[PDB]
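Before any comments, here is the structure.
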Amino acid sequence: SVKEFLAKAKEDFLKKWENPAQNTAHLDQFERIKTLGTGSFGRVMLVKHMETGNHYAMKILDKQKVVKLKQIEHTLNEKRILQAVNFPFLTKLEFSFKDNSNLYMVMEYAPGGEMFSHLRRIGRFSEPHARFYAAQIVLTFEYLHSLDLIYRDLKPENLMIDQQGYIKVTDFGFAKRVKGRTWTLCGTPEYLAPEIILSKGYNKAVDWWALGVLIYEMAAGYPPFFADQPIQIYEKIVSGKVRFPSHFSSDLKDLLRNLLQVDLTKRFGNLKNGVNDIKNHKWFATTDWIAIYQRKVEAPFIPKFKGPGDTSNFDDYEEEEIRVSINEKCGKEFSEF
Amino acid sequence: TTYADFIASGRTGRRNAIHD
Ligand SMILES: [NH3+]C[C@@](O)(c1ccc(Cl)cc1)c1ccc(-c2cn[nH]c2)cc1
C-alpha cells in the first residue's frame, strides 16, 4: 500500500528530524575537482572522498553571504530536512559539516547534469519523455508532502539526471516543514503560483502549480508565462490565461488546465482525492507508478558517461578558492548546523 | 512564433530564485 509505505517512511523521517546528524566529515577528507554550479550564497563542486574514492557533490555555502541574504533559517531547514529524508529521487545527504567560513553538504553525484541543459539544447521533450520525468516529481511530492514538507524550488535547473537517466531533486533551500499556511515570498518567477504573487498565505498546492509549469516547459520547450522582466511574468501568471502549443495532446492540455488552476478548490493535488487525481489522470494512463519508483522503466534519454568523475554534461564555471577565515563567522546563527 | 519570442528573450539562461 502507498499509505502504509508512507506511514513507515514518516516514522523514519521523524526520528532523524528530531535528532539531526551533525559534523559527520571535514573538508580535508575531500579532493575538490570541479565547480558544477553556483548560487547567490554558494556553489556546488564535484569532490572525491579520499578514504573510499567515491565521488560526491559538495554544496558550499558562505555563512556571511547566507546572512546578508536573510537565508539563515532557510539554510537550517535545508540541512535538517536533507539529512532526514530518504527517497529514490532525492539525493541523500551523506555528510555535513561547517568551518569558520562555510557550510558544507555532501550528497550523491548525479553525472547526467541538469535537466535544464538538455531541455534547452534539444529544445523540447516528447510527451512520453516529459511524462517519465513528471511521474518522478509526482511521487517525490507525494512523499515530501506526506512529511508536511513543502518544496518550493521546482525548475529544470534544479532537476539533476543520474547515470540511469532518472531524476534527482537536490536543492532544499526553500523547503520547509509546515503544517499550516506559510507566507515567504520565494521561488523562481516563472514557477510562482498566483497565491504567492498575491501575498496570500499558501500551502503545498504551490508545488502542484509548479509541476504544471514544469510539465508545460518540458513539453513546449518554453514556460507558460514568460517575458523579459519578472513584473511582466507576474502579470501573466495572475491574469489567468495560458495558451498551449498546437502539438500538445488533448490529455496533456487537460492535465495542465487542472494544475495551472488559479482556483484552489479545483487545483489537482489539492482536492479530496489528493495526488490520485493526478496519478489517475488520462495523460498518465501508460504510467506504471510502481515501476517508476522501482526504477525498472527504461529512461527515454540516458546520459553520455565516460568515467566516474566525468563532468561533460555540466557547464564550465570559473573556479574560485575555498577560503577559510582564521576567525569563526556567524557561530551563533548556525550553531545547530 | 512563441518559440522565436522565447529564444530572443532575456530568460533562456539559468533563472535565479527571488528572495524578497
Ligand atoms: N542545479 C543547481 C546547482 O547548480 C546549485 C549550485 C549552487 C547552489 Cl548554492 C545550489 C544549487 C547544483 C548543481 C549540481 C548538483 C548536484 C550534482 N550532483 N549532485 C548534486 C546540485 C545542485
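Each chain of the C-alpha cells is named A, B, ... in the order shown, its residues numbered from 1; ligands are numbered from 1 in display order.
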Within 9 Å of ligand 1: each chain A residue with its shortest pair, only C-alpha atoms and all ligand atoms, as a tab-separated table:
residue	atom	partner	partner_atom_place_in_ligand_line	distance
A:35	CA	ligand 1	13 (C)	8.3
A:36	CA	ligand 1	13 (C)	5.1
A:37	CA	ligand 1	4 (O)	3.5
A:38	CA	ligand 1	7 (C)	3.8
A:39	CA	ligand 1	9 (Cl)	4.1
A:40	CA	ligand 1	9 (Cl)	6.6
A:41	CA	ligand 1	9 (Cl)	6.0
A:42	CA	ligand 1	9 (Cl)	3.8
A:43	CA	ligand 1	7 (C)	3.9
A:44	CA	ligand 1	6 (C)	4.6
A:45	CA	ligand 1	14 (C)	7.3
A:46	CA	ligand 1	18 (N)	7.3
A:56	CA	ligand 1	19 (N)	6.7
A:57	CA	ligand 1	19 (N)	4.6
A:58	CA	ligand 1	20 (C)	7.4
A:59	CA	ligand 1	9 (Cl)	6.2
A:60	CA	ligand 1	9 (Cl)	6.8
A:61	CA	ligand 1	9 (Cl)	6.4
A:91	CA	ligand 1	19 (N)	6.9
A:106	CA	ligand 1	19 (N)	8.4
A:107	CA	ligand 1	19 (N)	6.0
A:108	CA	ligand 1	19 (N)	5.1
A:109	CA	ligand 1	18 (N)	3.5
A:110	CA	ligand 1	18 (N)	3.9
A:111	CA	ligand 1	18 (N)	6.4
A:112	CA	ligand 1	18 (N)	8.4
A:113	CA	ligand 1	17 (C)	6.8
A:114	CA	ligand 1	1 (N)	5.9
A:115	CA	ligand 1	1 (N)	8.7
A:116	CA	ligand 1	1 (N)	8.5
A:156	CA	ligand 1	1 (N)	8.1
A:157	CA	ligand 1	1 (N)	4.9
A:158	CA	ligand 1	1 (N)	4.1
A:159	CA	ligand 1	1 (N)	6.5
A:160	CA	ligand 1	17 (C)	6.4
A:161	CA	ligand 1	18 (N)	8.3
A:162	CA	ligand 1	18 (N)	8.1
A:168	CA	ligand 1	19 (N)	7.7
A:169	CA	ligand 1	21 (C)	8.1
A:170	CA	ligand 1	21 (C)	5.4
A:171	CA	ligand 1	11 (C)	5.9
A:172	CA	ligand 1	10 (C)	8.8
A:173	CA	ligand 1	10 (C)	8.0
A:314	CA	ligand 1	14 (C)	8.4
Against chain B, which residues of chain A fall within 8 Å? For each one I want the closest pair of atoms and the distance in Å (one decimal), counting only C-alpha atoms, rows by chain and increasing residue number, as a tab-separated table.
residue	atom	partner	partner_atom	distance
A:39	CA	B:16	CA	7.9
A:69	CA	B:19	CA	7.6
A:116	CA	B:14	CA	7.9
A:120	CA	B:12	CA	7.8
A:153	CA	B:17	CA	7.9
A:157	CA	B:14	CA	6.6
A:185	CA	B:20	CA	6.1
A:186	CA	B:19	CA	5.2
A:187	CA	B:17	CA	5.1
A:188	CA	B:17	CA	4.5
A:189	CA	B:18	CA	7.1
A:221	CA	B:3	CA	7.6
A:222	CA	B:6	CA	6.6
A:226	CA	B:6	CA	7.5
A:227	CA	B:9	CA	6.9
A:228	CA	B:10	CA	5.4
When you look at region 290-305 of chain A with a cut-off of 9 Å (counting only C-alpha atoms), what residues show up, excluding the ones that are within fewer than 2 positions of it in the same chain? I need them as a compact mmCIF listing (two decimals) with N, CA, C and O atoms, in the first residue's frame.
# COMPACT_ATOMS: atom_id res chain seq x y z
N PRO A 88 13.96 7.55 -3.63
CA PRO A 88 14.84 7.26 -4.75
C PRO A 88 15.22 8.48 -5.58
O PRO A 88 16.30 8.49 -6.14
N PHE A 89 14.33 9.48 -5.64
CA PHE A 89 14.55 10.65 -6.48
C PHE A 89 15.04 11.87 -5.71
O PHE A 89 15.02 12.99 -6.23
N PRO A 111 25.80 12.43 -12.46
CA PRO A 111 26.69 12.80 -13.56
C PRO A 111 25.98 13.26 -14.84
O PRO A 111 26.62 13.79 -15.75
N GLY A 112 24.67 13.08 -14.91
CA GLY A 112 23.94 13.45 -16.08
C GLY A 112 23.71 14.93 -16.28
O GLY A 112 23.22 15.33 -17.34
N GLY A 113 24.05 15.75 -15.28
CA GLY A 113 23.83 17.20 -15.35
C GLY A 113 22.42 17.65 -15.06
O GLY A 113 21.58 16.87 -14.56
N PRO A 128 6.04 11.41 -23.99
CA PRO A 128 6.50 10.32 -23.12
C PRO A 128 7.77 10.64 -22.32
O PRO A 128 7.91 10.19 -21.18
N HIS A 129 8.66 11.41 -22.91
CA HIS A 129 9.88 11.85 -22.25
C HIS A 129 9.52 12.72 -21.03
O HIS A 129 10.00 12.47 -19.92
N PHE A 132 7.74 10.72 -18.15
CA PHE A 132 8.69 9.93 -17.36
C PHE A 132 9.30 10.78 -16.23
O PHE A 132 9.34 10.34 -15.07
N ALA A 135 6.33 11.88 -13.70
CA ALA A 135 5.95 10.85 -12.76
C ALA A 135 6.88 10.78 -11.56
O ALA A 135 6.42 10.56 -10.44
N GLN A 136 8.17 10.98 -11.79
CA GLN A 136 9.15 11.00 -10.68
C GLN A 136 8.91 12.19 -9.74
O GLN A 136 9.05 12.06 -8.53
N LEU A 139 5.67 11.50 -7.60
CA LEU A 139 5.97 10.59 -6.48
C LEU A 139 6.79 11.28 -5.40
O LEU A 139 6.60 11.02 -4.21
N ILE A 161 20.09 14.78 -13.45
CA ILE A 161 19.91 13.47 -14.09
C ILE A 161 21.03 12.56 -13.65
O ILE A 161 22.20 12.94 -13.70
N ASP A 162 20.68 11.36 -13.22
CA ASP A 162 21.66 10.37 -12.77
C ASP A 162 22.16 9.48 -13.92
O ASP A 162 21.77 9.65 -15.07
N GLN A 163 23.03 8.54 -13.62
CA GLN A 163 23.63 7.72 -14.68
C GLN A 163 22.61 6.84 -15.43
O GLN A 163 22.85 6.46 -16.57
N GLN A 164 21.50 6.54 -14.78
CA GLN A 164 20.45 5.70 -15.38
C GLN A 164 19.37 6.56 -16.05
O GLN A 164 18.40 6.02 -16.57
N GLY A 165 19.53 7.88 -16.05
CA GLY A 165 18.55 8.79 -16.68
C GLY A 165 17.35 9.20 -15.84
O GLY A 165 16.44 9.89 -16.32
N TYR A 166 17.35 8.78 -14.58
CA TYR A 166 16.33 9.19 -13.60
C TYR A 166 16.67 10.54 -12.94
O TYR A 166 17.82 10.99 -12.98
N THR A 287 1.47 5.18 -17.38
CA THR A 287 2.47 5.18 -16.32
C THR A 287 2.23 4.03 -15.33
O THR A 287 1.14 3.88 -14.78
N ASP A 288 3.28 3.24 -15.12
CA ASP A 288 3.31 2.21 -14.10
C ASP A 288 4.05 2.82 -12.90
O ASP A 288 5.27 2.82 -12.84
N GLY A 307 33.58 8.17 -17.58
CA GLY A 307 34.30 7.77 -16.37
C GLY A 307 33.63 8.25 -15.09
O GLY A 307 32.70 9.07 -15.14
N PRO A 308 34.09 7.74 -13.92
CA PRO A 308 33.45 8.01 -12.60
C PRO A 308 33.20 9.49 -12.27
O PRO A 308 32.08 9.86 -11.86
N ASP A 310 33.52 12.04 -14.50
CA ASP A 310 33.37 12.80 -15.75
C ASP A 310 32.28 13.88 -15.55
O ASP A 310 31.26 13.64 -14.87
N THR A 311 32.51 15.06 -16.15
CA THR A 311 31.65 16.24 -15.94
C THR A 311 31.16 16.91 -17.25
O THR A 311 30.70 18.07 -17.23
N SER A 312 31.26 16.20 -18.36
CA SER A 312 30.96 16.76 -19.68
C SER A 312 29.51 17.18 -19.85
O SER A 312 29.20 17.97 -20.72
N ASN A 313 28.62 16.65 -19.00
CA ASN A 313 27.22 17.04 -19.01
C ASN A 313 26.91 18.32 -18.22
O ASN A 313 25.76 18.77 -18.15
When DSSP works through the backbone of this structure, what residues of region 147-265 of chain A end up as strand (DSSP E), shown as a PyMOL selection string?
-> chain A and resi 149-150+159-161+167-169+176-177
Please measure the separation of CA of residue 276 (chain A) and CA of residue 138 (chain A), giving the value in Å to one decimal.
->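 Taking CA of residue 276 (chain A) as the start and CA of residue 138 (chain A) as the end point, the length is 9.9 Å.
Of the residues in chain B, those that DSSP places in helix (DSSP H, G or I) on the basis of the backbone are residues 2, 3, 4, 5, 6, 7 and 8 of chain B.
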Extract, using only C-alpha atoms, all DNA, RNA and protein residues at most 12 Å from region 233-238 of chain A, discarding same-chain residues fewer than 6 positions from it, and format them as an NGL selection string.
-> (:A and (188-199 or 209-210 or 213 or 223-227 or 260-263)) or (:B and (11))
Produce a file of the selected residues containing C-alpha atoms, as a compact mmCIF listing (two decimals), in the first residue's frame.
# COMPACT_ATOMS: atom_id res chain seq x y z
CA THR A 188 11.55 31.44 -9.30
CA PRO A 189 9.31 33.95 -11.12
CA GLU A 190 8.22 31.57 -13.91
CA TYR A 191 7.22 28.90 -11.34
CA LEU A 192 5.30 31.06 -8.78
CA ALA A 193 1.70 30.19 -8.08
CA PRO A 194 -0.73 33.19 -8.09
CA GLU A 195 -1.24 32.81 -4.28
CA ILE A 196 2.41 33.54 -3.70
CA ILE A 197 2.49 36.50 -6.02
CA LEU A 198 -0.63 37.88 -4.36
CA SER A 199 0.93 37.69 -0.85
CA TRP A 209 1.07 24.50 -9.71
CA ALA A 210 4.88 24.45 -10.16
CA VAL A 213 4.73 24.89 -15.19
CA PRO A 223 7.37 28.09 -19.93
CA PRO A 224 3.66 29.03 -19.91
CA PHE A 225 4.34 32.58 -18.64
CA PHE A 226 7.41 34.34 -19.90
CA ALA A 227 8.65 37.86 -20.50
CA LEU A 260 -2.28 25.63 -13.64
CA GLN A 261 -5.57 26.38 -11.98
CA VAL A 262 -5.82 29.67 -10.02
CA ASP A 263 -8.83 28.33 -8.09
CA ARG B 11 15.31 34.50 -19.87
Grab the CA of residue 243 (chain A) to CA of residue 184 (chain A) distance for me, in Å with one decimal place.
->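 The value is 28.9 Å.
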In Å, with one decimal, what is the gap from CA of residue 146 (chain A) to CA of residue 15 (chain A)?
->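 One can read the CA of residue 146 (chain A) to CA of residue 15 (chain A) distance as 15.3 Å.
Residue nearest residue 250 (chain A) within the list A:281, A:267, A:130, A:11: A:281 [criterion: smallest interatomic distance, only C-alpha atoms].
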Find the residues around residue 3 (chain A) up to 12 Å (only C-alpha atoms counted), leave out those fewer than 3 positions away in its own chain, and share them as a PyMOL selection string.
-> chain A and resi 6-10+142-143+146+275-276
